[PDB]
Each structure stands twice: as structure tokens, then as C-alpha cells.
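Just so you know, ligand 1 is whichever comes first in the structure, and atom 1 is the first atom listed for that ligand. Computed from heavy atoms alone, side chains included, the values below leave out hydrogens, waters and symmetry copies. So that the names make sense, note that chain A is the first sequence line, chain B the second, and so on, each numbered from 1.
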Amino acid sequence: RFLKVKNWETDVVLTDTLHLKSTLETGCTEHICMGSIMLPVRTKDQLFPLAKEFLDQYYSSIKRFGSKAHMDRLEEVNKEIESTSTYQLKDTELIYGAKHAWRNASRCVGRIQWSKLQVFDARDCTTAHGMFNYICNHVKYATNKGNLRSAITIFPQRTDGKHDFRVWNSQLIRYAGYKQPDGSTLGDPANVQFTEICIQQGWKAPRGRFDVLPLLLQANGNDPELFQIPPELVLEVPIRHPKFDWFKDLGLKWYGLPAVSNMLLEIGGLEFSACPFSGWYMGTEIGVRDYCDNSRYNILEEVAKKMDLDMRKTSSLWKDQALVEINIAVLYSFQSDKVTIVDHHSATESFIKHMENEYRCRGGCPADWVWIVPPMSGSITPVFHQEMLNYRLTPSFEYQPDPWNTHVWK
Amino acid sequence: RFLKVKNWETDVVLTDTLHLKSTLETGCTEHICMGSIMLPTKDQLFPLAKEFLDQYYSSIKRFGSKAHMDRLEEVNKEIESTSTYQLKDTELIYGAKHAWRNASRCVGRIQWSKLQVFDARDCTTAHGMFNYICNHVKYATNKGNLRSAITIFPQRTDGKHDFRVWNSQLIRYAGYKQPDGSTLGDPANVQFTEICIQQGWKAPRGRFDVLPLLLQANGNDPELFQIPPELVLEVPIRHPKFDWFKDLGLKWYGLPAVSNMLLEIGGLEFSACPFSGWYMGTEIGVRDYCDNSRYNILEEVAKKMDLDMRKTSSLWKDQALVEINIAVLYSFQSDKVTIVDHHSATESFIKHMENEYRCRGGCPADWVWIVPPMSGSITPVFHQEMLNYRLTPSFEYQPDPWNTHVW
Ligand code: HEM
Ligand code: HEM
Ligand SMILES: C[C@H](O)[C@H](O)[C@H]1CNc2nc(N)[nH]c(=O)c2N1
Ligand SMILES: C[C@H](O)[C@H](O)[C@H]1CNc2nc(N)[nH]c(=O)c2N1
Ligand SMILES: CCS/C(N)=N\c1ccc(C(F)(F)F)cc1
Ligand SMILES: CCS/C(N)=N\c1ccc(C(F)(F)F)cc1
Ligand SMILES: [Zn+2]
């Protein structure tokens, strides 16, 4: 088979063959497309085949397929699975797996950096305090004083599903959200529920607008525990505008390190329920979504008012106008504090190059157009005019139920 | 089965059942999503006809009635004899309105039922087509107070007597390649603009030259016609705060009228069915004006705004784009020509979606196309999950007439 993909701005056409290897489902039938849908204990028998194909890829990637080292590793793994039911990955395999989970993330526009990933092996970790230490070292290393470095910390793989390691926070660093009895929300609305669990667990909220939440860490299936990330480790950027000297008075700021912590990493059948990973922000994530979504900080009106814009009628495009300035401010601020960050133009342009490269070296690049195209100025970024094929490849990062909706408390 | 759709901004969940009536395939499988790909007989005809009539009568609360049954046999017998059939007026009107209603890429379907239908089925020549088209352009333009409409020429028979409108839209600017190697006018129509020259049209070689209509009737060869200039309402683009804007020398037409698609009703194929409504701002401001492959004007507009175009991180492109779309909307409103902005259009569509879900049990929607090409996440449709599937009657793409015609 062969599937063609065309870019309507360059007339460039690409041939995808990589999709042939996709085994997982898409949520789409032949009679329906669910492309815009947000979220559409393995047994030993189910496990070996998964390990095999994975190990086949690995060895193939190091140009040693069929070798003796390859066969013996298969024999070694098969045996281990039969006797122990599970199986431990080699350090080289773990690093290969993680980079590929990233490499296969169809919703990630920053994959051009996929091979530059620092992997921290936290498989010997046994307690929550242990997880805390590991996370602090990840935050410090990745931040690097503003010169951000991609990194991922991998805790023990799931066993019987009763001794899972979970990082309850959705991101290592995030601002608390509090619901007021008057119905309004102070802080970040998106984190209200998690904030409550933290308070309910003993956290003492400063009840402010940008309070870095504490970590809630679950080790070996035990009840989660609270820890406060060392402030001197949480790099933040106050947001000011290059021309609007009143912007700083808006009292805005954001953290510099985006580190996802609620996803599950799958490598050769194994499941790593705790695998926080971080990179660096694309401006629009903060400028458009975090600040302007109606269900987030929702700063449009206040930014507009101060800009003195005709807010009487939408057709004046006051919302659009204010959005640009706000995103202007985010990029400017980060660049001024020498904290890594990329704008949607550069990010989407690099992604197009990475995508083409991937087609010519792997035979494809699974991509989710709904997620790749930026939440602003969509059509003036190259990805918009790019047809994409979305399919599933492992290793991979997946979502998992929120830990508070499944955890069996002790 | 029973699929649900959630809006992540309001948490509202709607259940979709309408998809269970999907006929055609989407191009997507369980192994791959083709969502962003722009385009993935007596025995055949009667079932389709029955499906349609069934829906029609169901809508008029006469499902099963003798009328329903009689009509069914009548068509059945007609197909057995004439190897095809004709729609009664009522069924044509319904068919066309419903083709619009099922257009998963149209953001303005909230207007679906308010569609004027012009039966051009008695047309036999190109001059006739021209007459029908002119009256359509005039009725729909209504001096700026646009009214949606569609004109339906004779349905296909043997495929060699197909009626076709070679233009992609009734009104579009010509595209000429210059000595340089660049392009004057609209790069999107360069080829058609060539087929018009290669046909006789005397191209004035201007930036915004309204192309001539190239009509084809009963499989014959296309003929050129110049739409009465008095019938082509145009808006000169000026800015509400940049009096230098007028100097960009930009203008666009007020009437968007798609004419290269094919209308299918009850198995029947109407290869010539121009339809029009009114512009959503972004269409011109973002796509026609700023698309790199189109008029690509961001370069200059930025200059004139005196902004740092040194680093992409200054978002000068974004900055310009906004002002430009301010101007388009501003101009149209000032000349009282109908136009809608992306904020209002999308808000309207969300409401339409909510009505369609409780009245029809669903609303086919293509997210990739529904979300405006600018300020995506600040419009409601961005946070709205959508289910895409095909339903007939429908509007479909069809091969360019020049790439398939036997002169
Ligand atoms: C180097 C900086 C990086 C940039 C600029 C980048 C940018 C992005 C952006 C803009 C999104 C969408 C986020 C949202 O809308 O919530 C995304 C999604 C994603 N990225 Fe990256 N990324 C980078 C690094 C990484 C790293 C290091 C990994 C993994 C090791 C990764 C894995 C993912 C995944 C799994 C998704 C999709 C998640 C989902 O399906 O919900 N990214 N990335
Ligand atoms: C009255 C106001 C209308 C508005 C504001 C509206 C707006 C839109 C917009 C923004 C698009 C995208 C255009 C593009 O990107 O090329 C679109 C697509 C579409 N609209 Fe509407 N529309 C309206 C009327 C109509 C009418 C009267 C019909 C049919 C009778 C219709 C049929 C379609 C079709 C079929 C498409 C998608 C075509 C395809 O699949 O490529 N629209 N519309
Ligand atoms: C409903 C729709 O799927 C949803 O709003 C998606 C659209 N595209 C997105 N794209 C990115 N990068 N991030 C998101 O959260 C979303 N949300
Ligand atoms: C490649 C991608 O499908 C293509 O650029 C689509 C995206 N969304 C669109 N949406 C609308 N309304 N109109 C278009 O022409 C497109 N082009
Ligand atoms: C890993 C830091 S890379 C980055 N730029 N940000 C995000 C933010 C959210 C997600 C998601 F997983 F929540 F979608 C993914 C990447
Ligand atoms: C019918 C006028 S309704 C409108 N706003 N414009 C368009 C423009 C192009 C198309 C398309 F068919 F080319 F995609 C559809 C609608
Ligand atoms: Zn799909």
C-alpha cells in the first residue's frame, strides 16, 4: 500500500508507508471520522508478541537485526516473561523506547527535537520521598537556568496494577485554582479539582492567583503524599509588553518549564504509569490557551479595556487584536529573561521540515492536524496547508484515568 | 451505535444518532484518520430514489401514505422505463436545502432552510444558462442585502450531455503569470484565466479583473459571457484607522457563489448547480488576501504599519493579519453589503448544532473546515468536538470540466 499526502501551499506530495505498521485503532470507522474527539494488567500471552516487535524494532534500529545479541535477547525476554510474567528492559532499550514514544506522538509539533532527550532511569525508586528527590533533579536539570533541556523521568513499570507509581499532578509545575463561594474562580480554573484534593490532603494554600501547587506523589500503589517543590527551582517569568508599559501592571506571569506528568508510557508491552516529561513552551500555549481560553485565566476583556478597543461589537475584532499583543508579550518576556521558548511560526516551520525528513527516512510521520495547527493565526503557519495522516505507533504516551478516580485508599 | 460529543468550554454533551444513517465512506479506517485530506444504473438508482422519497415523506408527515407509495411506484416505473426520473418541484426544493443542511464543512448552515431555489431544468443552451445565472446573481446580490440562492440546471443523463459552469465561482478575479515569473491577479485562477484567453476573452491584465462566465450546456462546448458589471457588487477595502490602507488598492466582490460542485438528490446528479450566500470575513481577509499562494499581501501591509519584520517572534504577520481583517469587515459594513465575522458565524453554528442535535439527533461537522483560519481557540467551535460523516442529498466535488471534456 501507499498513501499520498499533499501540501496545498507548495504542491509537495509525500508517500506514506509507515502507516502499514500501525496496529492500534484510531476511533474512526469507515462510516465516521472522530478526528476532533479529545479522548477516543496485561497477561503473559498478550505480552511476549508486544515485547518481540519492540525488540525487533530496537535491534533493527541499531543495525543488528537477526544477530546473536538479538536472538538471545528474545530468548532471554521470553523466558523471563514465562517465569516472572513481566520483564525488565535494558537501559539502552528504555532510552530507545522513550525517544520513540515522543517520536510517535502525533499531537506533538516539537518532534524535530525527539532524539535530543535526556532520560532519567528512576526504576529503582521505591517511595514517594524517593519520587520527590527524582523530580527535583529533573526540574533542576531540565530548567538549566532558563536554557531548557528536554527530559523524562521513568519510575517503575506497572506490575499487577495494584502497586502503581503515579504523579497525581497533571504537570509538575502548575498554578492552583480555587472556587469561591460567590461562584468566581481565583487562580487557574483548570486545576480547581486537583487543588481541592491537595487541600483535603493537608496542603495549606496561599490562596493567591499564581500559587505553584505541591506535588502529590504515589509510590508502589500506596496513598499519595505531599511535597513542596523548592521555590528556587521553579523558574518563572513575569509578563510585560515591549510597548505597553501597563501590561506589567496586569500582574501576569507563568512558569518556564512545561512538564507533563499524568500520561502513561508504553514500551514493548510494559506500562510506565509515572513518566513525567518536559520540553519547552511554544508561545501560544500560554498566550492563547492558558491566558485567553474563557475557562482559563480569561484576560481578553481586561487586556482589551486597557488597550481601549471598541468592544461594542465583535466585528471590530477586539478579541483578535488583544490576543496578538498578549502573545507578543509572552514571547518578549521569555526572550528577555533568557528562558527558552519558541513561537508558532518557527515551531510549525521546523515541524514541516521534520515531517518531510521523517517521510524520507521512515516512510511517514503520524500527525494530528487538529492538535498540530496553532490556536491562532492558523492559516498563516505552514502546517495548516499540510495534509496529515494520523495513526498509532508504539512505543507511545497515552492518557490514563485520573488517579483519584481509581485509587484504592489504605 | 450511540456516540456522544462534548464541548470542552461549556462541558455540554450531545448524543449523536444521525450518523447511523451514513451511506458513503469517509476515507478513514480504524487504522488511519484521513481527517485533514482535502478530498479522499436502474439497480443503483431506484434504491437511492426510495431512500430519498422516504425521507421526504417522513419530513412532510406522510410516511407510508398512498401518496408516498404511489410516488414510489411512479418513480420505480419511470426508472424502469426512462432509466431515470424527474423530481417534483417540492422534492427539488427539499433536496437542495438538505444538501446544504448536510454540508459538514459549511459553518453557516444555521441558514439552511432559508434558501431560494431556481428551477433551471428547462434550460437547453448556454445563452439560457447565462440568463438564469444573471438573474441569480441579481436576486442574491439584492443591492448588498444578500440572499442565499441556488440555480439548478438539467440533471445528468448519459454523461456526455452534462451541463457545466467551468468557473469555480460565478465571480472571481483573473490570474496572469508575468514576464518576471511572478503572478498578477489571483494565482488560484491562473489556469482558468488562461482557458478564457485561449478561448477569446480579452484579458485587461489587471490585478482584479472579473473573469467571464464559461458556460457549457448539454455536453456542448463552453461559451464566454460577461456578467453585466452593474450586476457585480464590489467593495473597495479601506481601514477604520489607517487612511493609508486605501493605497493598498484592494477590493473584493460581495457575492460568493460556488459553481463547480455537483448536487445529488435521490440518486440524480445535477452537475451544474451554482449556489451562493454571503461571506464570512476571514475567507477574504485571511485566505484570499494573506494565503501565501493567493494575493499574499502580508509583506506590504506589515511594512506600511512600520513594524519589525526582522524576527518572526514579533508576530508581525499576526499583527498585520488582524488589521487586514478589520478592514475587510469595515469596508463591507460601510457599503452595507452583507458579511459576517468569524466570532458571530461560529457562535451561530454552535446554536445551530444544538438545534440539529435535538431535532435531527445530530449534525455532521468537519472540524478542520469549521474552525476559522485565524483566532481558532477564541471561537466556540474550537472547543466543540464534532462527528463527521456523509449524508445525501449532498454537494460533492467533481473533476474540472476541462480535464475531462471532449471538444
Ligand atoms: C522541545 C519542546 C517541545 C515543544 C515546543 C512541544 C510542543 C508541544 C505542543 C504545543 C503540544 C500541544 C500541547 C497542548 O495543546 O496542550 C504538544 C503535544 C505533545 N507533546 Fe510536545 N513539545 C515539546 C517536547 C515534548 C517532549 C520532550 C515530549 C515527550 C518526551 C513531548 C510529547 C508530547 C505529547 C505526548 C503531546 C501530545 C499529548 C496528548 O496527546 O495529549 N513533547 N507538544
Ligand atoms: C449564508 C451564509 C453562508 C456562510 C457565511 C457560509 C460560510 C461558509 C464557509 C466559511 C465555508 C468555507 C469556505 C472555504 O474555506 O472555501 C463554507 C463551506 C461550504 N458551504 Fe457555506 N456558507 C453560507 C452559505 C452557503 C450556501 C447557501 C450553501 C449551499 C446552498 C453552502 C454550501 C457550502 C459547502 C458545500 C461548503 C463546503 C464545500 C466543500 O466541501 O468543499 N454555504 N461555507
Ligand atoms: C474539541 C477539540 O478536539 C479540542 O478543542 C482540541 C482542538 N485542538 C487542540 N490542539 C492543541 N494543541 N491542544 C488542545 O487542547 C486542542 N483542543
Ligand atoms: C490540508 C488541509 O486540509 C487544508 O489546508 C484545509 C484545512 N481547513 C480548511 N478550512 C476551510 N474552511 N477551508 C479550506 O480551504 C481549508 N483547507
Ligand atoms: C512536555 C512539555 S512540551 C510543551 N510545549 N507543552 C505541552 C503541554 C501540554 C501537553 C499535554 F500532554 F497535556 F497535552 C503536552 C506538551
Ligand atoms: C456558497 C457561498 S458561501 C461562502 N461564504 N463562501 C464559500 C466559498 C468557497 C466554497 C467552496 F465550495 F469553494 F469550498 C464554499 C463557500
Ligand atoms: Zn478520521
Side chains of [X] and [Y]: donor-acceptor distance under 3.5 Å anywhere?
| X | Y | result |
| --- | --- | --- |
| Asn325(B) | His342(B) | no |
| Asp318(B) | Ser377(A) | yes |
| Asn390(A) | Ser106(A) | yes |

Distance under 4.0 Å, heavy atoms only, partner ligand 6: which residues pass?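 Close residues (ligand 6, cut-off 4.0 Å): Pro256(B), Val258(B), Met261(B), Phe275(B), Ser276(B), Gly277(B), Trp278(B), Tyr279(B), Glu283(B), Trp369(B).
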Taking the six-membered ring for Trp, are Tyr279(B) and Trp252(B) parallel (under 30°), tilted (30 to 60°) or perpendicular (over 60°)?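 Answer is perpendicular, since the angle exceeds 60°.
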Anything under 30° is parallel, anything over 60° is perpendicular, the rest tilted; go ahead and classify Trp166(B) against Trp402(B).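 Rings of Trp166(B) and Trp402(B): tilted, 30 to 60°.
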Which protein N, O or S atoms sit under 2.8 Å from the Zn ion (ligand 7)?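 As for protein N, O or S atoms lying under 2.8 Å from the Zn ion (ligand 7), they are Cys28(A) SG, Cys33(A) SG, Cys28(B) SG, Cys33(B) SG.
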Are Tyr397(B) and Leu262(B) close enough, and set up right, to give a side chain to side chain contact (heavy atoms under 4.5 Å, CB included), and what steps lead you there? CA-CA 6 Å; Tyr397(B) 291 137; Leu262(B) 151 25; over 6 Å; no
Considering distance alone, does some N or O of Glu385(B) sit under 3.5 Å from an N or O of ligand 3?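 In this structure, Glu385(B) places no N or O atom under 3.5 Å from an N or O of ligand 3.
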Before signing off on this row, confirm whether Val373(A) and ligand 3 have an N or O atom pair separated by under 3.5 Å.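 Between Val373(A) and ligand 3, no N or O pair is found under 3.5 Å apart.
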Ring centroids only, cut at 6.0 angstrom: are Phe270(B) and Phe163(B) within range, meaning strictly under it?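 Between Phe270(B) and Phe163(B), the centre distance exceeds or equals 6.0 Å.
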Measure from the ring center of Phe277(A) to the ring center of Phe397(A) and say whether it is less than 6.0 Å.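 Yes, the ring centres sit under 6.0 Å apart.
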With the threshold set at 4.0 Å, does a side-chain nitrogen-carboxylate oxygen contact exist between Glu9(A) and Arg294(B)?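 Here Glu9(A) does not pair with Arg294(B) in a salt bridge, since their nearest N and O are not under 4.0 Å apart.
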If you measure from [atom] to every heavy atom of [options], which option wins on shortest distance?
| atom | options | value |
| --- | --- | --- |
| atom 17 (N) of ligand 3 | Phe382(B), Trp369(A), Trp367(B), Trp8(B) | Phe382(B) |
| atom 3 (O) of ligand 3 | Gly35(A), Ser36(A), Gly376(B) | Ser36(A) |
| atom 15 (O) of ligand 3 | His383(B), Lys6(B), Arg289(A) | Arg289(A) |

From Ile32(B) CD1 over to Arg392(A) CZ, what is the distance, rounded to the nearest 0.5 angstrom?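 The CZ atom of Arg392(A) is 12.5 Å from CD1 of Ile32(B), to the nearest 0.5 Å.
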I'd like to check the side-chain hydrogen bond (donor to acceptor under 3.5 Å, both in side chains) partners of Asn292(B); sequence neighbours left out, ordered by chain and number.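 None.
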Partners passing side-chain hydrogen bond (donor to acceptor under 3.5 Å, both in side chains) against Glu264(B) (at least two apart in sequence or in another chain):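 Testing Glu264(B) for side-chain hydrogen bond (donor to acceptor under 3.5 Å, both in side chains), a comparison that skips the adjacent residues, returns none.
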Can you report which non-hydrogen protein atom sits closest to atom 8 (N) of ligand 3, along with the distance?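 Going atom by atom, the protein heavy atom closest to atom 8 (N) of ligand 3 ends up being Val370(A) O, 2.9 Å.
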What protein heavy atom lies closest to atom 12 (N) of ligand 3? Include the residue and the distance to one decimal.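 Ranking protein heavy atoms by distance from atom 12 (N) of ligand 3, first comes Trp371(A) O, 3.0 Å.
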If you count heavy atoms of other groups shown closer than 6.0 angstrom to NZ of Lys6(A), is the number above 12?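 Yes - once you tally the heavy atoms of other residues, nucleotides and ligands closer than 6.0 Å, there are more than 12.
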